[PDB]
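If you read the sequences in order, they're chains V, U and J.
Note that the first sequence covers residues 18 to 182 in the deposited numbering.
Note that the second sequence covers residues 13 to 180 in the deposited numbering.
Note that the third sequence covers residues 12 to 188, 193 to 232, 239 to 390 in the deposited numbering.
Heads up, the beta-carbon is just placed ideally off N, CA and C, and yes, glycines get one too.
Here's the structure we're looking at; comments come further down.
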Amino acid sequence: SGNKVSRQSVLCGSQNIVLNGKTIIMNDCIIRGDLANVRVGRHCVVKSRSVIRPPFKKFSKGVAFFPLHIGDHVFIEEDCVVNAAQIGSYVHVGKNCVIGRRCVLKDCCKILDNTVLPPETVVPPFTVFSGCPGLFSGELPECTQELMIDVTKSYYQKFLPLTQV
Amino acid sequence: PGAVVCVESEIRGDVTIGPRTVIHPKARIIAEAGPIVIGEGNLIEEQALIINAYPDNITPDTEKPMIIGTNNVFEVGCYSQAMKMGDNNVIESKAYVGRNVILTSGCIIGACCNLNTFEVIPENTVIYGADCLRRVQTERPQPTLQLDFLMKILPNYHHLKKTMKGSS
Amino acid sequence: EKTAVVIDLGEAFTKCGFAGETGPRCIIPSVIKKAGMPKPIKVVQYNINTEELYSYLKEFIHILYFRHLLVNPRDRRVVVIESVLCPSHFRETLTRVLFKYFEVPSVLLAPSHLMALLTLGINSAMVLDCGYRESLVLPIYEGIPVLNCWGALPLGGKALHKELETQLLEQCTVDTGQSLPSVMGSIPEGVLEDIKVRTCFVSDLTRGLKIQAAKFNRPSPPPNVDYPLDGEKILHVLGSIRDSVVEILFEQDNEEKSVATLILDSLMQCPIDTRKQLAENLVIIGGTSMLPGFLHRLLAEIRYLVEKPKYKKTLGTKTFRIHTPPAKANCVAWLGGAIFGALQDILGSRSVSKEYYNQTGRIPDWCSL
Ligand SMILES: Nc1ncnc2c1ncn2[C@@H]1O[C@H](COP(=O)(O)OP(=O)(O)O)[C@@H](O)[C@H]1O
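Quick look at the structure:
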């Protein structure tokens, strides 16, 4: 009900796909859950041109990859190729980002713009991601990240209300 | 026939795809300039932009039809605007092929990698994602081992595409 | 009880780790990464504002001890391996940052050549440290460094970088994105370091003389290989160029000076009884000495200079042996400081403490009073 899905956005595999309350799918989004399921958290803002593709078929005899996930208050930036990443709640994904195979994003993370998280890259909680090759830039503040996520959730709710159908 | 062409995917001009080819959703295959040629078992992922270079000038002709090799794993969001490719070449996501190229067999392009215009990539050499033309890391991508790895990658791609085709 | 910290600062690189461990834990370059900055700024600089340097040193030390050491240096001692003739202004700034900001228990500003001598385990040696900025000579005899016998030409890493930048700009061959020479005016330092490590082949004495003869009125030009570069602009670098860049390090004429001649000038200044032991124990350390096929070209050039009439009348027949160290050529100075700090809790007492710094004023540099 509360989830504002855009008209230009596409959600392939509706049974596999999953959208929590107060969600926001921007225009030209692609939540392709044909092969596997895609779980979106509450108050999660998926920005425009975001390719939400399923990680694996989940039909492998041994060591099948985890399909998709997204914690609450997840600020997914525009043009972000989210694939096979278990995003912890309050994860701030950067613009033009790229998630790897079975990448574990921790709580209160801050992915930089134009980043590339590699396969099986376990990011630590309260830490800014940086570099061309994934690495720890520095420890992030708890109060500043929570305030920015609250402001982003309020702004997305206003755009969710009007001008989309 | 015998190629998984998606409904959302777009094709234009002459385009002869090989056997067991997989065209993913929202994939552009603009072959208006010249007749496109996709190899057998070549997987084109979603949001991919297959372009061609306008060709046939008498003195120093610019290009010819972009011939993709067999078992070529083109990742999602990959640009391939007029680049000659070899068999068993794994182009990563968000990549960009040059205006003219010669990608040899057993390749492995990195993510967010700008492949060179008028540059022939050597046989058996994995490209680092960021700064172009990185010579390092070409041992594990050697002719013998890379052929076995690409055969395993082609099997996983065919198995995943078969599961996707079964789901519909 | 307490393993002390070891630091070895410099303009290009910085060796750092724990005292006692055979070789350092890590070696991050001297530059720092700042938010909202086009290029990375070097930490170790001279002749520049005091408060700015203080902030630059704090910024480098902060990024260091978390990544390198994984500990607070407030528990245990530190060994700051300053190269001798490192400006007193820069030492005072280091002393301020270590005591005022961080509040360490103790510090030490000991020389690099004496510690590099502690690695060999001999009391007398002629030493040469070819770093980034300068190529410093300093003979040690029976522990004490003989100070007035010395030499340091501006002919280290930075001189080789400048020559590479000059010669590549004169003869350039970049691919399209073929021709098009001298498109880009300059090139970055990190790339130019990687070119020196990989491409630059050091020539022999006979090859070097043939190159010098060719420059002033061509033999053995090969081999040549291209170097890959970012943004789809591969440049076809030549084989005669990189050999010519290496040759200027050993160029005698019109200065009467080179890396080889600097040892002979240092030996000339030394007294007669000291002379023979320094000649027997000729140690080579530093960054430039890591280049492939360097120690022959030096030893052969040294011998050729001794054969010349001007050095026969003083030096004459001498057994020039190059006793090499346990660790690599760049990381000899650090290993000596690690030996000095780890073993002796006694020799930690001679160094300056926090209690002594506050009341007095400064660590004593080799000066008056
Ligand atoms: N493994 C190596 N092979 C060849 N050259 C090297 C190597 N490591 C460092 N260098 C060169 O040596 C220089 C480093 O000098 P360094 O010993 O750090 O001087 P300082 O300690 O005075 O800063 C650099 O300019 C670099 O080009």
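Residues near residue i in its chain [Cβ-Cβ closer than 6 Å; skip 5 each side]
| i | result |
| --- | --- |
| V:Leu129 | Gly111, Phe146, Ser147 |
| J:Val353 | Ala127, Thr130, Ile306, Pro346 |
| residue 190 of chain J | Gap in chain J between 188 and 193; residue 190 of chain J lies inside it and carries no coordinates. |
| J:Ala321 | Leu220 |
| U:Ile23 | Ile41 |
| J:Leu20 | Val55 |
| J:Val115 | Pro84, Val89, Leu109 |
| J:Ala363 | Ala30, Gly31 |
| V:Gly151 | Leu134, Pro135, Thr138 |
| V:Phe153 | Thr144 |
| J:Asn245 | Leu259, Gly260 |
Nonlocal neighbours in the same chain, by C-beta distance under 8 Å from residue i, ignoring five residues either side
| i | result |
| --- | --- |
| J:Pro249 | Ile255 |
| J:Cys291 | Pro150, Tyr152, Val157, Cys160, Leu299 |
C-alpha gap between residue i and residue j, whole angstroms
| i | j | result |
| --- | --- | --- |
| U:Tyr91 | J:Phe113 | 51 Å |
| J:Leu316 | J:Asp219 | 10 Å |
| V:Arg66 | U:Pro134 | 34 Å |
| U:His171 | U:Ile35 | 15 Å |
| J:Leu175 | J:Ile210 | 9 Å |
| J:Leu81 | J:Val280 | 39 Å |
| J:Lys50 | J:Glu268 | 31 Å |
| J:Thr14 | V:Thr138 | 34 Å |
| U:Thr175 | V:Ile48 | 18 Å |
| U:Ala15 | V:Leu179 | 42 Å |
| J:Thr104 | J:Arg383 | 10 Å |
| J:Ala136 | J:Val17 | 23 Å |
| J:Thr214 | V:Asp45 | 49 Å |
| U:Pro13 | U:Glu151 | 38 Å |
| J:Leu64 | U:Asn128 | 42 Å |
| U:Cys125 | V:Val27 | 28 Å |
| V:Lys74 | V:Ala81 | 8 Å |
| V:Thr169 | J:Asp366 | 57 Å |
| U:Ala107 | U:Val138 | 13 Å |
| J:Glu328 | J:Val91 | 41 Å |
| V:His60 | U:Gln59 | 27 Å |
| U:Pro167 | U:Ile79 | 22 Å |
Option in the options with minimal Cα separation from residue i
| i | options | result |
| --- | --- | --- |
| V:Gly30 | U:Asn128, U:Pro37, U:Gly30 | U:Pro37 |
| V:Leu85 | V:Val63, V:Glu94, V:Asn54 | V:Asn54 |
| residue 191 of chain J | J:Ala363, J:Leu326, J:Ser310, J:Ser389 | For chain J, the structure lists 188 followed at once by 193, and that leaves residue 191 of chain J out of the model. |
| U:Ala45 | U:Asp143, U:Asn64, U:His170 | U:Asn64 |
| J:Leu125 | J:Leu356, J:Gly369, J:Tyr378, J:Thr381 | J:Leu356 |
| J:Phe110 | J:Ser389, J:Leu390, J:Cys388, J:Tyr377 | J:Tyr377 |
| J:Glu277 | J:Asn134, J:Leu120, J:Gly162 | J:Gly162 |
| U:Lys173 | U:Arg32, U:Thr28, U:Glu20 | U:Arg32 |
| J:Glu145 | J:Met289, J:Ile43, J:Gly314, J:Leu270 | J:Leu270 |
| V:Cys160 | V:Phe73, V:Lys170, V:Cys125, V:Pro141 | V:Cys125 |
| U:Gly25 | U:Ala43, U:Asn69, U:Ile139, U:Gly81 | U:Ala43 |
| U:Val148 | U:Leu159, U:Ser179, U:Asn136, U:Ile80 | U:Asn136 |
| V:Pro71 | V:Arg118, V:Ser26, V:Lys39, V:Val133 | V:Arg118 |
| V:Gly38 | V:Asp89, V:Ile69, V:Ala102, V:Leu134 | V:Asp89 |
| V:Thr132 | V:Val108, V:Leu177, V:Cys97 | V:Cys97 |
| U:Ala123 | V:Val140, V:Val115, V:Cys120 | V:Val115 |
| J:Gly154 | J:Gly200, J:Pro122, J:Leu147 | J:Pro122 |
| J:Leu259 | J:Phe216, J:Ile293, J:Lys225, J:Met289 | J:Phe216 |
| J:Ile360 | J:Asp86, J:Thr25, J:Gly132, J:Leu336 | J:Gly132 |
| J:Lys26 | J:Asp386, J:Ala348, J:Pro165 | J:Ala348 |
| V:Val99 | V:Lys78, V:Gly50, V:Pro142, V:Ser77 | V:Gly50 |
| V:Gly105 | V:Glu156, V:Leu164, V:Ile69, V:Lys127 | V:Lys127 |
Own chain partners of residue i with C-beta closer than 7 Å, once the 5 adjacent residues on each side are dropped
| i | result |
| --- | --- |
| U:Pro67 | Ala45, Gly46, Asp73, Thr74, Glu75, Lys76 |
| J:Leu326 | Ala281, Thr282, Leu285, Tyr332 |
| J:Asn351 | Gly307, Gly308, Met311 |
Task: the stretch 297-308 of chain J touching the stretch 327-345 of chain J, judged by at least three CB pairs closer than 8 Å - done: Yes, the stretch 297-308 of chain J is in contact with the stretch 327-345 of chain J.
Task: Contact set between the stretch 137-149 of chain U and chain J, restricted to residues whose Cβ is under 8 Å from the partner - done: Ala142, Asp143, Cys144, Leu145, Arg146, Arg147
Task: Residues of the stretch 73-91 of chain V with Cβ closer than 7 Å to any Cβ of chain U, in chain order - done: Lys74, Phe76
- [ ] Give a yes or no on contact between the stretch 131-150 of chain U and the stretch 76-88 of chain U, applying the rule of three or more CB pairs nearer than 8 Å.
- [x] no
Task: Near-chain U residues of the stretch 169-187 of chain J - C-beta to any C-beta below 9 Å - done: Hits within the stretch, in order: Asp186, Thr187.
Task: Segment contact, 8 Å Cβ cut-off, at least three pairs: the stretch 98-105 of chain U with the stretch 113-130 of chain U - done: By the C-beta criterion, the stretch 98-105 of chain U is judged to be in contact with the stretch 113-130 of chain U, since at least 3 inter-stretch pairs fall below 8 Å.
- [ ] Using a Cβ-Cβ cut-off of less than 9 Å, list which residues of the stretch 145-177 of chain U approach chain J; keep chain order.
- [x] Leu145, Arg146, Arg147
Task: Interface residues of the stretch 101-135 of chain U facing chain J [CB-CB below 7 Å] - done: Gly110, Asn126, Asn128, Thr129, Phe130, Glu131
TODO: Return the residues of the stretch 59-87 of chain U that lie within a Cβ-Cβ distance of less than 8 Å from chain V, sorted by chain order.
DONE: Residues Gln59.
- [ ] Give the residues from the stretch 40-52 of chain V that approach chain U closer than 9 Å (Cβ to any Cβ), ordered along the chain.
- [x] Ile47, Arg49, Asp51, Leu52
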